[PDB]
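Only one structure is covered here, and it is reproduced in the block below.
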Amino acid sequence: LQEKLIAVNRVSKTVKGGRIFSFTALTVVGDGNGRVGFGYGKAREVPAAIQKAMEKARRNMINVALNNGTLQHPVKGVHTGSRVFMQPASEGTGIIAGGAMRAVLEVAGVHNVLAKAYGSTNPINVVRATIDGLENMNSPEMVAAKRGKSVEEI
RNA sequence: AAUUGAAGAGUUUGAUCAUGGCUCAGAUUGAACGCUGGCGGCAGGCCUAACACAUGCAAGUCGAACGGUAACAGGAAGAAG
Ligand SMILES: [K+]
Ligand SMILES: [Mg+2]
Ligand SMILES: [Mg+2]
Ligand SMILES: [Mg+2]
C-alpha cells in the first residue's frame with residue numbers, strides 16, 4: 001500500500017490550568033489499483049497521530065472500479081461543505097487536482113483525471129467528498145447488469 | 001489532422017465546522033520607474049493637450065491639345081582679335 005500524509009493540525013482544549021495542545025493527522029492509503037481508504041488520527045504527539053491515522057486508513061478501504069488509471073465517467077462528490085467534481089482524462093494529462101484530492105486519486109491508482117473542489121476545501125471533508133465520488137462511480141458492467149442488458153447494448 | 005480540457009493556499013477561533021470578505025501563487029501590456037546592461041533577428045514606440053506650432057519637405061504631370069520662346073543645346077544666314 002502507498003501511504004500519504006495529507007494534513008497535520010494542532011488542536012487545543014482548555015482546562016483549569018491552561019491549554020492542552022494535541023495533533024491530528026489526516027492520511028490516505030491505497031494499493032494503486034482501485035482500492036483506497038482514509039484515516040484520521042489524534043494524539044498528543046505528531047508521530048503517534050500519524051500512526052493512528054495510518055492504522056485507521058488500512059482497515060477502512062473501499063473499492064473503486066477504474067478504467068486505465070482514469071475514471072469511468074464524470075462524478076460529483078459531496079461531504080459537509082465540500083463539493084468536488086472529477087472527470088476522466090486522456091493519457092499524459094496527469095492528476096489535475098488540488099492537494100487533498102490529488103493524494104486520494106494517486107494512492108487509488110487514478111493517473112489521469114481533471115478535478116475541481118468547490119465550496120469548502122477543508123482537507124478532512126474534501127477527502128470524504130472525493131472517496132464518496134469514487135465509490136458511487138459505475139462501471140459499464142454493473143450498469144449492464146442492473147439494466148439487464150449486454151455491455152455492447154450499453 | 002484541425003475546442004485533449006478545469007489544482008489551490010494564507011488570514012476571524014483557546015480550538016472546531018460553516019459562512020464570508022480581504023490577500024497570494026498564473027497569464028498578459030503601446031507600459032513607467034529602480035538597479036544593471038554584450039551582440040543579433042523580427043516586431044513595436046505621444047495611451048496625456050482634437051494643446052500651440054519656427055523650419056524643410058508630403059501633388060503633380062502632359063510640347064503627341066495650344067499660342068509661344070524666358071532659359072541653353074544644336075542648326076542656317078550676316079559680320080568683327
Ligand atoms: K477564505
Ligand atoms: Mg470516524
Ligand atoms: Mg468558501
Ligand atoms: Mg489567534
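Every chain is numbered from 1 and lettered A, B, ... according to where its sequence line falls, protein lines coming before strand lines. Both backbone and side-chain heavy atoms feed into the values below; hydrogens, waters and symmetry mates do not.
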Subject >> Residues from residues 108-115 of chain A lying under 4.0 Å of RNA chain B - heavy atoms >> reply: A:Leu114, A:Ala115
Original post:
Rest of the hydrophobic cluster containing A:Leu5 (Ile/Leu/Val/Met/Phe/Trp/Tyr, side-chain heavy atoms under 4.5 Å)?
Top reply: A:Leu1, A:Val8, A:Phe23, A:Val29, A:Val46, A:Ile50, A:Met54, A:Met61
Subject >> Approximate separation, where rounding is to 0.5 Å, of A:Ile6 CD1 and A:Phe38 CZ >> reply: 9.5 Å
Original post:
Expressed as a whole number of Å, how far does the P atom of B:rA43 sit from that of B:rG26?
Top reply: 32 Å
Subject >> Nucleotide B:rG20: sugar north or south according to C1'-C2'-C3'-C4' >> reply: north
**OP:** Apply the test side chain to side chain contact (heavy atoms under 4.5 Å, CB included) to residues A:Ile95 and A:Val110: give CA-CA distance (whole Å), side-chain angles for both, the deciding distance (0.1 Å), then the verdict.
**Re:** CA-CA 8 Å; A:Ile95 297 167; A:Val110 180; 5.5 Å; no
Original post:
Based on the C1'-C2'-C3'-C4' torsion angle, does the furanose ring of B:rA6 adopt a north or a south pucker?
Top reply: south
Original post:
Would B:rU19 and B:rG20 pass the stacking test, six-membered ring centres less than 5.5 Å apart and planes less than 30 degrees?
Top reply: yes
Subject >> Spacing between A:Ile124 atom CD1 and B:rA15 atom P, to the nearest angstrom >> reply: 15 Å
**OP:** Find the distance A:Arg10:CZ to B:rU13:P and express it as a whole number of Å.
**Re:** 15 Å
Subject >> Backbone of A:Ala103 reached by a side-chain donor or acceptor of A:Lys4 within 3.5 Å >> reply: no
Subject >> Separation of the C1' atoms in B:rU61 and B:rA65, to the nearest angstrom >> reply: 14 Å
**OP:** Describe the nucleic acid contact of A:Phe21 in one word from base, sugar-phosphate, nothing, applying a heavy-atom distance below 4.0 Å.
**Re:** nothing
Original post:
What are the two closest heavy atoms between A:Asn112 and A:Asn68, and how far apart are they?
Top reply: ND2-O, 4.4 Å
Subject >> Below 4.0 Å: OP1/OP2 of B:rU16 and any side-chain N or O of A:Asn122 >> reply: no
**OP:** Figure out the CD/P separation between A:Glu106 and B:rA7, and round it to whole Å.
**Re:** 17 Å
Subject >> Residue pair A:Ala65 / A:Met137: nearest heavy atoms and the distance that separates them >> reply: O-CE, 3.5 Å
**OP:** Check every atom of B:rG8, B:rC17, B:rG14 against the side chain of A:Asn125 and return the nucleotide holding the closest atom.
**Re:** B:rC17
Subject >> A:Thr14, nearest nucleotide to its side chain (from B:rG14, B:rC17, B:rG5) >> reply: B:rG14
Subject >> side chain to side chain contact (heavy atoms under 4.5 Å, CB included) assessment of A:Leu105 paired with A:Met86 >> reply: CA-CA 10 Å; A:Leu105 288 161; A:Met86 292 176 290; 3.8 Å; yes
Subject >> Strand-adjacent residues in residues 94-103 of chain A, judged by heavy atoms under 4.0 Å from RNA chain B >> reply: A:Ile96, A:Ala97, A:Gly98, A:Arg102
Subject >> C1' spacing across the pair B:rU11 / B:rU3, given as an integer number of angstrom >> reply: 39 Å
Original post:
Can you check whether A:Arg128's main-chain N or O pairs, donor with acceptor, with A:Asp132's side chain at less than 3.5 Å?
Top reply: no
Original post:
Are any of the side-chain heavy atoms of A:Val143 and A:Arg147 separated by less than 4.5 Å?
Top reply: yes
Original post:
Where the side chain of A:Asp31 meets the backbone of A:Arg35, is there a donor-acceptor pair that is under 3.5 Å apart?
Top reply: yes
Original post:
Based on the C1'-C2'-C3'-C4' torsion angle, does the furanose ring of B:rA9 adopt a north or a south pucker?
Top reply: north
Original post:
In whole angstrom, what separates A:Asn9's CG from B:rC17's P?
Top reply: 7 Å
Original post:
How does RNA chain B look in dot-bracket notation if pairs are Watson-Crick or G-U with both distances under 3.5 Å, crossing ones as [ ], other-strand ones as |?
Top reply: .......((((.........)))).........................................................
Original post:
Hey, is the side chain of A:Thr121 poking within less than 4.0 Å of OP1 or OP2 on B:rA9, counting only N and O atoms?
Top reply: yes
Original post:
Roughly how far, to the nearest 0.5 Å, is CZ of A:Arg83 from CZ of A:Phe85?
Top reply: 13.5 Å
**OP:** Among B:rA6, B:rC17, B:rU4, find the nucleotide with the atom closest to the side chain of A:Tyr118.
**Re:** B:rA6
Original post:
Ring centres of B:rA43 and B:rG44 closer than 5.5 Å, with planes less than 30° apart?
Top reply: yes
Subject >> Sugar-phosphate only, base, or nothing, as touched by A:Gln87 at under 4.0 Å among non-hydrogen atoms >> reply: base
Original post:
Going by the sign of the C1'-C2'-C3'-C4' torsion, is the sugar of B:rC22 north or south?
Top reply: north
Original post:
Going through the checks in order, is the side chain to side chain contact (heavy atoms under 4.5 Å, CB included) test met by A:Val127 and A:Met101?
Top reply: CA-CA 6 Å; A:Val127 169; A:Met101 291 192 77; over 6 Å; no
**OP:** Identify whether any heavy atom of A:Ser120 sits under 4.0 Å from a base atom; if not, whether one sits that close to sugar-phosphate; answer base, sugar-phosphate or nothing.
**Re:** sugar-phosphate
**OP:** Could you measure between the two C1' atoms, the one in B:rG45 and the one in B:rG30, and give it in whole Å?
**Re:** 7 Å
**OP:** Can you tell me, in whole Å, how much space there is between the P of B:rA7 and that of B:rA15?
**Re:** 31 Å
Original post:
Going from NZ on A:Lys52 to OG1 on A:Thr24, what distance comes out if it is rounded to the nearest 0.5 angstrom?
Top reply: 11.5 Å
Original post:
For residues 41-53 of chain A, which residues have at least one heavy atom under 4.0 Å from RNA chain B?
Top reply: none
Original post:
For A:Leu105 and B:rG8, what is the distance between atoms CG and P respectively, to the nearest whole Å?
Top reply: 12 Å
**OP:** Would you indicate whether the side-chain heavy atoms of A:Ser12 and A:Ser22 approach each other to under 4.5 Å?
**Re:** no
**OP:** Flag the pair A:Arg58 and A:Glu3 as a salt bridge only when some basic side-chain nitrogen lies within less than 4.0 angstrom of an acidic carboxylate oxygen.
**Re:** yes
**OP:** Could you tell me if B:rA7 and B:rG8 satisfy the stacking criterion of six-membered ring centres under 5.5 Å apart and ring planes within an angle under 30°?
**Re:** no
Subject >> A:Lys116 vs B:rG8: side-chain N/O to OP1/OP2 distance below 4.0 Å >> reply: yes
Subject >> Stacking of B:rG30 on B:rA31, centroid gap under 5.5 Å, tilt under 30° >> reply: no
**OP:** Please classify the sugar of B:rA77 as north or south using the torsion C1'-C2'-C3'-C4'.
**Re:** north
Subject >> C1' atoms of B:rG34 and B:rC57, separation to the nearest Å >> reply: 42 Å
**OP:** Name the residue closer to the 5' end of RNA chain B, choosing between A:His79 and A:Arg19 according to the nucleotide with the nearest heavy atom.
**Re:** A:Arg19
Original post:
In whole Å, what is the span from the CD1 atom of A:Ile6 to the P atom of B:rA9?
Top reply: 12 Å
**OP:** Provide the distance between the two P atoms, one in B:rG60 and one in B:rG56, to the nearest whole Å.
**Re:** 15 Å
**OP:** Using a 90° cut-off around 0 for syn, call B:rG5 syn or anti.
**Re:** syn
Original post:
In Å, rounded to the nearest 0.5 Å, how long is the span from CD of A:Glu55 to OG1 of A:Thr27?
Top reply: 10.0 Å
Original post:
Looking at the strand neighbours B:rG45 and B:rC46, are the centres of their six-membered rings under 5.5 angstrom apart while the planes meet at under 30 degrees?
Top reply: no
**OP:** Side chain of A:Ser12 only, please: which of B:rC17, B:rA6, B:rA15 is the nearest?
**Re:** B:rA15
Give every donor-acceptor pair under 3.5 Å between a side-chain atom in residues 113-124 of chain A and any protein atom, sequence neighbours left out.
{"unit_1": "A:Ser120", "atom_1": "OG", "unit_2": "A:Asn122", "atom_2": "N", "d": "3.3"}
{"unit_1": "A:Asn122", "atom_1": "OD1", "unit_2": "A:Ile124", "atom_2": "N", "d": "3.2"}

